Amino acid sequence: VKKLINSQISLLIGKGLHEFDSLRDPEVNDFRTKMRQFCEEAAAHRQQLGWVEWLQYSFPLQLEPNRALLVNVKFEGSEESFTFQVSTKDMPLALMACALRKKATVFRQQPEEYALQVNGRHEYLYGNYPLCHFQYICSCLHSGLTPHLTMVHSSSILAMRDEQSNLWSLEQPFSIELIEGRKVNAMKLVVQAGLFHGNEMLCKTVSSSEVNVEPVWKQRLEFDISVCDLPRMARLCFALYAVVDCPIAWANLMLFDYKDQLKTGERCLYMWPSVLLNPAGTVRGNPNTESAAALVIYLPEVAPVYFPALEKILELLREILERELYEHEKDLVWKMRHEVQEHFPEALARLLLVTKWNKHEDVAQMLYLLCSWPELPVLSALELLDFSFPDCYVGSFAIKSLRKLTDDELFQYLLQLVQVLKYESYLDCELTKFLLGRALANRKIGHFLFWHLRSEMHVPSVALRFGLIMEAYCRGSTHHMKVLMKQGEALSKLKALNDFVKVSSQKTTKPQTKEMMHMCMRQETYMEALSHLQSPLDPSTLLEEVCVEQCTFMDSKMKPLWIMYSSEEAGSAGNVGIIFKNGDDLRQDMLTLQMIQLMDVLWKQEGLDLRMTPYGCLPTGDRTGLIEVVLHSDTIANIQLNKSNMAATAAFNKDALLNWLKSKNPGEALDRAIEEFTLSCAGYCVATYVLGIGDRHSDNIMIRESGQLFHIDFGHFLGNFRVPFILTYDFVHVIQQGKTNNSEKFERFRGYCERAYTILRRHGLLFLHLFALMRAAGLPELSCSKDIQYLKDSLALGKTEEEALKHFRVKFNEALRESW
């Protein structure tokens, strides 16, 4: 049984557990055991929770940030359903009471014992919340569809729970002996050394003696910093390059081991290739020992030298600048450091940036202020997670402050908290403990944590860290491990099926290619693997029976698969589809869609609903991911083709979109579609401007039959080819109800763009803090300060609300000027 679990994890994580043992590392071995225990302890607490508390794990409530409606309800062991006229203000218990009141008349005779399951979905309806607050009910009101729910008893939820069971005395300066190398290049070679505490230096960078292109230096390189002054999170960064400048390779390492002891003596560093000094990069060597260039160094002995315990550390014009700074200004903040904790605790970040980390006595005083520092708000704590604040206790302080995070707020920032793991120095950290703990406390969190980690196993620098985390998770959840295995098996067949489609497309016609996709899918192994799975894009969405006859592929370069599903239990709710893309990177798209999804949350938090389409996007592997099918939608280009035999026969190209909406929304339905279009058009106008999405043609802009506009293929963001505001004549025509002159509908639309832009500006720091944590991701279009600077300009944070709104009106008028 124990062997089975081991081999099952290996396949799921895509890296055999034998590999972890084959390294024979104490850090790897200590992580695996300490975390297994923590995960198994968390699995035990889960097995004793109540049936309602279990639902909070297995099926977390999807909640939104008077008027009666028709609702259909049925029981578990029957087909007979009941239709009720219940209000939006009604609690699920009142609906549960109605279901038991209409059962007592049919069966001829307590709501607290039940839970309402969503038909063919891993979503539930429970708690003291009105029906209209539920995301499932809320969607059914706008679309007009009838909600289908199932009455599930406490004993059946408990049946699910059971079947799912498992020192300062060192005044000498710092030095290293740069022995030899084992590189290959074609000139002289220099080795640059630097001591770092985050993004900034501890002492000036020292270069080596110029040696010709297997080189031997054998030189002791000294640094302008004492051994006793060296902070706990001190990083020794190297850069091997060639000069007559050409970068070859880079390599960094911690001065203290995971056991806090200062490192001595000999070390072989397997260097990572280059594009000069990179402090952000990993502290572990290139696992390609076969072809990786080595850097042999010696750490001169001082004798055990463990870093001092916290008890030893603890024993040892102002307001105007508080809204990059001069030296006198930095001294001022360090001078009145006690007054900062008392009156401005939220300014901790600026105080942590001015402290001299290269002076151990300044660090001790700072840590004493930190150990009595009151809990920072989630927002302020998100800034502390950045590489700018590397200290272990500072990292611990951020986690401690982030513990107040809701499962809904954590789901919005999970991607950033996963990418921040790349900044980490040691395997066992306060972040991983938090990420694993929250994952084993909420199944939806654990689902996305796994997928964010898995999709990056192909990246060698994070393959060891992520593989170890996923292993620990599977110890804490054996059932979910088997659930995610079904998802991994489905994605395996999809890659093979797509590989055939890519070959076939270059050899024969699409009708014959599509027919041989169906033949490949209708095979037992394909049929079984591609069916009855939780959607990796959303665990609550169940992809049951695969609708092979409706499966096709897209005509774009990498031939993306179009996989449709069907459900008996759900009906129309189970008529969901997925897109399997292979060959392109879906990381930027995921990022852009999460940023757009947040804007929509922040708009709904101020009352405004701009009818945004936050369709799922998830990279699942090596240039491989999934995209959620937006049903009953089409591109501007496919709508504007003005093809014959169709109900939308337009005379002018501007009338194409409006005529399309006329056939899809008749008479009194068209009026709703225009407002749906106008709000989404306004929503995406601000979103694309703020995020800086360029090259927006008719092929990457889509419309829903409801009128709703959305954007696809986010290939280039942050104006990385500055981009202006975009307005199309075809859209203004739809907004103005199909009239050449209608200022009333245009000014009401101009009001939506203004309201949306002003809201975002207030949360402008939130977008900055998250995009800065996303610099860790290694995205080619988000790697420097000039990328982050785009938002500070597009949102205009430095200016006031009156100046920023006026400057926005300047950009909006230029978009209408460019509009023919």
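We number the residues from 1 along the sequence you see. Throughout, rigid core stands for the largest set of C-alpha atoms superposing within 1.5 Å between the two forms.
K.L.:
So which moves more in 9 other deposited structures of this protein by CA, 176-184 or 454-462, given a superposition on the core?
P.N.:
Stretch with the larger root mean square C-alpha distance in 9 other deposited structures of this protein: 176-184.
K.L.:
With everything overlaid on the rigid core, name the stretch, 553-561 or 596-604, whose CA atoms wander farther on average in 9 other deposited structures of this protein.
P.N.:
More C-alpha displacement in 9 other deposited structures of this protein shows up in 553-561.
K.L.:
For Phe721, record whether it is unmodelled in at least a third of the other compared entries of this protein.
P.N.:
Missing in at least a third of the others, so yes.
K.L.:
I'd like the number of residues from the deposited sequence that lie between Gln109 and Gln110 yet are not in the model, binned as none, 1 to 3, 4 to 9, or 10 or more.
P.N.:
Gap size class: 4 to 9 residues without coordinates, per the record.
K.L.:
Report, from the record, the number of residues in the deposited sequence between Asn166 and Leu167 that have no coordinates, as none, 1 to 3, 4 to 9, or 10 or more.
P.N.:
The entry has 10 or more unmodelled residues between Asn166 and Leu167.
K.L.:
May I ask you to compare 389-397 and 80-88 by their mean CA B factor in the entry and name the higher one?
P.N.:
The entry gives the higher C-alpha B-factor average to 80-88.
K.L.:
Quick check on the record: does 399-407 or 553-561 carry the larger mean Cα temperature factor?
P.N.:
Here the higher of the two C-alpha B-factor means belongs to 399-407.
K.L.:
Specify which of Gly621, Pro279, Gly692, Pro300 carries the largest Cα B factor in the deposited PDB entry.
P.N.:
Answer for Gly621, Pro279, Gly692, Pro300: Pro300, with the highest C-alpha B-factor.
K.L.:
Just to confirm, going by the entry's C-alpha B-factors, which of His518, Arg232, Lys486, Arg101 comes out highest?
P.N.:
Spelled out: the listed residue with the top C-alpha B-factor is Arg101.
K.L.:
Classify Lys502 as lowest, middle or highest third according to the C-alpha B-factor given in the PDB entry, relative to its own chain.
P.N.:
According to the entry, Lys502 has a C-alpha B-factor in the chain's lowest third.
K.L.:
With respect to C-alpha B-factor, does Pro287 fall in the lowest, middle or highest third of the chain as deposited?
P.N.:
Answer is middle: the recorded C-alpha B-factor places it there.
K.L.:
Just say lowest, middle or highest third for the CA B-factor of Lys188 relative to the other modelled residues in its chain.
P.N.:
As the PDB entry reports it, the C-alpha B-factor of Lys188 lands in the highest third of its chain.
K.L.:
Consider only the C-alpha atoms of the modelled residues in this chain, order them by B-factor as the entry records it, and name the third containing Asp584: lowest, middle or highest.
P.N.:
Bottom third by C-alpha B-factor.
K.L.:
Splitting the chain's C-alpha B-factors into thirds, which one does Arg350 fall into?
P.N.:
Its C-alpha B-factor belongs to the middle third of this chain's values.
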